[PDB]
Ligand SMILES: [Zn+2]
Ligand SMILES: [Zn+2]
Ligand SMILES: [Zn+2]
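Protein chains in written order, with the entry's author numbering: chain J, 1 to 67; chain L, 12 to 58; chain B, 19 to 294, 303 to 835, 848 to 1133; chain A, 250 to 298.
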C-alpha cells in the first residue's frame, strides 16, 4: 500500500525518500543512478523502493468525497 | 432523543430516519445509507 | 545463418486485444442475443387455438433492452452492478417483444409488450460497463481490471464452466469384450437424439437401436430401404475378394429367410419392432427419419441412407481383421460447449412451455364465455420465465424434459480469493466423465493437444486430468452456414452421389466428400480440390473458420464447419520463407496493419486439430525445412495462465510445476481496486505487496505487476540448529516485527428481516440499561441506541451484534439476537442498511481481523515448495556475511535434490543481479536470460560471480567453513493458518436421533474414529482402551432385559410375561439399542439370551 | 406372514424438527405415513355403510 517506514531485514528508514525517488525519476536519471544518489548502498534497503507498488493513490479515487 | 444521523453513498448528506419510514435519501434517489463513526474512546496498542 | 525476425512477439498482444483470453465468453453471449434469440423466435411464431379457427397469435420482432430495475411504482432507472451486488439483487433486463392478437373480429397489434426478464453479462454490449474510461469506471465503484464474464444472481458471482462432449453426426468404430463394433450418434436441430450400433458376431452383422426389440440383419434393412437386387448390395459394399467372402454368411441368411420383396421386408420389420396404421406404414416411417435423423430424405428416397450404410459396413469390414481402432481421447473430434448453447436450449424450452401454457388457459373460456371480446394481455404472467431463469442459474441443475436431459454442477461460485484465481476460474474446463478410478486414458496427457490446453495446469488429488484449462492463444469457432460452401463445392466439379453406382466408390482413385457428417459426393484429384479450397479461404470469400482435411487410410476428405472447434493463429511460410517480413511488422509497430489486415492480406491463418494433422509445423525459424507449411509464432504460448508465474518452467520439473499452478490460486493478495467497498463472505488482504524482480512476459500481458500477491525477501540456503526439517522453514523475529507478511481477514455478517401475510412485524430492542449506572449491559455493550453495532469498535467472544425479536405466533416476541462466534476479538469496519427487492430490511456488517505470521503457517516459494513455519529466530542470530544483512527466511538445501528444482537457484541469482543493477530481468519460458551474461555482470559491482559469499556465524562468533547461497526470492503467504486449523471438544451438543457428537468444528463437534484405526488397536491386543473410547466416552446407556423372554422392559418390569423375578440390567451403547428398537418395525423381534458370566 | 396389526414404534425413535425461519414444525416422515394410513382406514369403513 504505502512505502514502509523502516527496512525489513536491517531496519533502516527508507520511508523518507519515496517522494524524493519519485521526483528523481523525472529528471532524466537512471534507476540505479537515482538509487545510489539517494543514499542506499547495499541491496538490503534498496528493494523496498525499487520494487514497490502504489495502490493507495488508486484507492483514493474510490474514497468518499464531500460536496 | 437525538436523531440518528445517517450519510448517503452518492451525495453524502447527513439526514435522519424518524420511524418506520421508507429508507431513502431526501437529496438524491439513492436507496442505500451508511452509518457514522462512534464518539467513544477506543484503546489501541502500537506494538 | 538464416534471416530471423525477432518481432513476431508483438503479434500476440494485437491478437489478444480483439479476442482471446476472456472475450470469447462474451462473444458467445453477444452472438446469442442477436442471432439465436431470433432463431428461436422464427422457430415458434404462430400458435392457434382448437375451439374455433379465428383466434391466432403472431410475433413481429423480439429484442432485449438495457439492465433495468422496477422499483415501488412506475419508476425504471438504470441500475449498477455494484448496486445489485450490495443489495443482493439480480442483474437482469426485460425482454421487449411485438405481439399481434386477433380479439373479437378485428386484429390488434400491441407494440412493446413485456413478457419477462433475462440476465445480462457484466461486460456485455447491452450492459452499461462497456466502452467506458477508468475515470468513469471509478465513478461506478467497479474495478477496471475485472475481466468479467460471470452472472450476478441474488448478489453472488456465478460462472458457467465450459464443458467438453463428443461430436455428433459421425461414425465411431470401437472394440469391446467380444470384438469390433460400430456406432453412430445423431442429433438434429429438433429434439430427437438417436444412437444406432452395428455389431458383429460369428460373421453375422446385426443392427441395434433403442426402439428395436431384436437384432435384424443389415441385408434385410438394405432390401427394405429400396434396393431390390442383391448384386447391387454387394456392389455398394465393396468390390474385393476378401470383403465378399466376409459378406457370404449375411447373403445366405437373407436367402434362407423367405424375404425377397420390399413388402415382405417391411412386414418383417413391423413384426420385429415393437412400439407402445398397419405394420408396413410404421416400419416405413421407422426407417425414414427415425434411426438416422442427420440424413434428410426428399420424398421417400433411401439412396443417401443406403450409401451411408454401405460406407459404414465397409468401414466395419476394413476395421475387423486389422489392428486399427478409433479412440475417444482424440481432441480433434471432441467439441466444447460454452454458456451460450445451454441458455439457447433453456430459453427455447421456456418459450415453448409458455406458448403451450397460455394455449391451454384460453381454450375453455371461449365456449363458456360471458362477453364478446377476449384480451390475452390480462391473462398473461411474466414471473415464470424470470423465476425459471434465476433458479436454473443459481441452483445450476439443468433439467430439460423436452430434451430429456439432467445435468448438475454446471454453474459455480466465482472464487474471489485472489486476482489469479478469479481469472483462472474463467479458463477452467470440466469434462462430462464422472469420478471414475478405472479410466486413465482421458486423464493421461494426450499427444493430440498441443498449445490448446496447458499440460501443467491441473488440480492435484482425485481430479487428475478431468479438469483442464485453456491456453493463451485459443479461439472457439462459432456457428455458420453451409450454402456458399456447398455452392463452391458443386462449382469446383464435385459429382452427385445419385449419378454413379456402387462399384465406383470402391475404386482407389475415387474420393468421397464429407461435410459435417454428410456425404457430399464423389470427386477426383482431391489434391487440387484442397489446394483451391485453401486458396479461396485465404482470399476472403469463404469465412476463415472452415476446416478441411484428407484421410488416405479412409480415402475421403473431411469438411468441418460446425461451431465449437479449436483453432489458433499460425504464420504461413512460402516454400522456404515466412511471408511475414520486417516491413510488415514495422507498420504494426506504427499503428496500422492490425491482425485483421494481416488475415485479409493472406499472412496468417487458423488451423484446427485435425487440419494441422495434414501439415508440417516448424518450431523456430532455423528448423524451417522445405516441407513445413506453417510456423509457430511463439513457443512460450503453450503454457497456461497459472503456469506463466513460474520462473524458468523448463528448468523445473512437471510435478513441481503442477504444484505451483495449484498453489498460485491459493496464495492471498490484493483482489482489485475496490476491495473495501465490496462486501463478500470471506476476503483476505495483504499489508505491503512487493513487485516480483524476475517477472515474465505473461505477467505483463495480464498486468499482474499491479496486483501482486507476494513479497520479496532475503533467503540464505543453509542448515540451521534443529528446525530445517524437510519442509520446515524458520522466520526472522525482527523482520516479522517490522511487518514482513502481515495479513488481514474480512468476514461478512448479513441479517435480513421482512413482514408477514398478517399484520405481524419485527422490531429491534436496542440498548439495555441497568439501575446502577447509565451504561449499557455487558451483553449488549457494542449495541448503539438505534439497535445495531457502531463501526470502529472491537467485538469479543460471545457478544450480541444485532437484536432480532421475532413474534412467537400484544403478540409475545422471542429474542433471537445474533451472537458473534470467534476465538480472537474482531473489529467492526462499517455497517450498511438497505432494502431488498422484496421490500425487506437488510443490514450488512464487515468484521476485520489483522493477523501476523507465527509457528504453524504455510508458506510457498512460487516454485512448488510449500512449508510450515519452524521456530521464530531473533535478531541476535541470523549471521550476516559482510555488510550486515541478516537472512529473512532460511531455506533447507536437503529438499532441493528430492524435488529436483534448478529454476530456484537461477531465480535467486537473477533476482540478486537485478536488485544490484536496478532493472527487472525477464525469465520467460523457452528463453529469457542465460547464466553467462548475468554471471559477468555480477562481477562489475564487486560480489562473487555465481552465488557465494563469506559468512561469519553469529551464534558462536567464528567464520563459516563453507559458503552460503544468499539472494532475494519472491515468497507468497497462503491460507490454512494454525489459528483456524485448531479445535477441541470435550462436552458439547449432541444429536437427538442418535446421542453422539455433531459433525463439524463450527458446531462444537468431535472427531471420528473409524475402522482404519480400530484395526491398529486390535492388532496390539488392547481391548479395555477400545471399549473405553467407543462405548464409555461415546454412548453409555443402561437397559433392562428379561432372561425368560428377551425384550426391553422398564423400571425392572416386563409387560409380556408379567413377572418381576426374571430381570437384569446391562450397559448397551445408545446406537445398539437404537438399532434394536428400529429393527422391530420390519417384522423382526430380536430375542436375546442372557447367560451367567460368573458361572 | 400377513400384516393385520400394525406395530406403532415409540415416539422417542422419531424426533421432530423445528425451523426458526417461518415458524415451521416438521414431524418425522414415519409419523406422516402413519397418520396417512389412518385416514385411508376409515374411508373404507364409511364407504361400507
Ligand atoms: Zn535495509
Ligand atoms: Zn444521498
Ligand atoms: Zn420377560
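Just so it is clear, CB atoms sit at the ideal spot from N, CA and C, and this is done for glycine as well.
Give me the Cα-Cα distance between residue i and residue j, rounded to the nearest whole angstrom.
{"i": "residue 742/B", "j": "residue 988/B", "result": "12 Å"}
{"i": "residue 392/B", "j": "residue 125/B", "result": "17 Å"}
{"i": "residue 888/B", "j": "residue 23/L", "result": "29 Å"}
{"i": "residue 299/B", "j": "residue 42/J", "result": "Looking at chain B, the numbering goes 294 and then 303, which leaves residue 299/B without any coordinates in this model."}
{"i": "residue 302/B", "j": "residue 374/B", "result": "Here chain B is numbered 294 followed immediately by 303, so the structure offers no position for residue 302/B."}
{"i": "residue 69/J", "j": "residue 943/B", "result": "Absent from the model: residue 69/J. The displayed extent of chain J is 1 to 67, so no value can be given."}
{"i": "residue 705/B", "j": "residue 104/B", "result": "7 Å"}
{"i": "residue 1131/B", "j": "residue 1064/B", "result": "21 Å"}
{"i": "residue 484/B", "j": "residue 1055/B", "result": "38 Å"}
{"i": "residue 1096/B", "j": "residue 1116/B", "result": "24 Å"}
{"i": "residue 473/B", "j": "residue 253/B", "result": "39 Å"}
{"i": "residue 149/B", "j": "residue 160/B", "result": "14 Å"}
Hey, would you say the C-beta of residue i is under 7 Å away from at least one heavy atom of ligand 3?
{"i": "residue 1082/B", "result": "yes"}
{"i": "residue 268/A", "result": "no"}
{"i": "residue 1092/B", "result": "yes"}
{"i": "residue 1097/B", "result": "yes"}
{"i": "residue 1100/B", "result": "yes"}
{"i": "residue 1085/B", "result": "yes"}
By DSSP, does residue i sit in helix, in strand, or in coil?
{"i": "residue 737/B", "result": "strand"}
{"i": "residue 43/B", "result": "helix"}
{"i": "residue 457/B", "result": "strand"}
{"i": "residue 247/B", "result": "coil"}
{"i": "residue 808/B", "result": "coil"}
{"i": "residue 843/B", "result": "The model contains no atoms for residue 843/B, which sits in the stretch where chain B goes from 835 to 848 directly."}
{"i": "residue 425/B", "result": "strand"}
{"i": "residue 1020/B", "result": "coil"}
{"i": "residue 211/B", "result": "strand"}
{"i": "residue 34/L", "result": "coil"}
Could you tell me if the beta carbon of residue i falls within a distance shorter than 7 Å of some heavy atom in ligand 2?
{"i": "residue 101/B", "result": "no"}
{"i": "residue 777/B", "result": "no"}
{"i": "residue 41/L", "result": "yes"}
{"i": "residue 38/L", "result": "yes"}
{"i": "residue 21/L", "result": "yes"}
{"i": "residue 24/L", "result": "yes"}
Cutting at 7 Å between CB atoms, please list the residues of its own chain near residue i, excluding the five before and the five after it.
{"i": "residue 34/J", "result": "21, 24 and 25"}
Between which residues of its own chain and residue i is the CB-CB distance below 6 Å, once the five residues before and five after are set aside?
{"i": "residue 658/B", "result": "645"}
{"i": "residue 175/B", "result": "168 and 440"}
{"i": "residue 494/B", "result": "455 and 479"}
{"i": "residue 819/B", "result": "808 and 866"}
Sorted by chain position, which residues of the same chain lie with C-beta nearer than 8 Å to residue i's C-beta, five sequence neighbours on each side aside?
{"i": "residue 257/A", "result": "283"}
{"i": "residue 933/B", "result": "752, 753 and 903"}
{"i": "residue 285/B", "result": "305, 306 and 309"}
{"i": "residue 960/B", "result": "720, 721, 722, 723, 966 and 967"}
Using only the heavy atoms of ligand 1, determine whether one of them is closer than 7 Å to the beta carbon of residue i.
{"i": "residue 1011/B", "result": "no"}
{"i": "residue 882/B", "result": "no"}
{"i": "residue 924/B", "result": "no"}
{"i": "residue 9/J", "result": "yes"}
{"i": "residue 12/J", "result": "yes"}
{"i": "residue 919/B", "result": "no"}
{"i": "residue 44/J", "result": "yes"}
Mind listing, in chain order, the continuous alpha helix (DSSP H) runs of no fewer than 4 residues lying wholly within the segment 675-749 of chain B?
680-690 and 723-728
For the segment 956-984 of chain B, list the alpha helix (DSSP H) runs that are entirely contained and at least 4 residues long, ordered along the chain.
971-979
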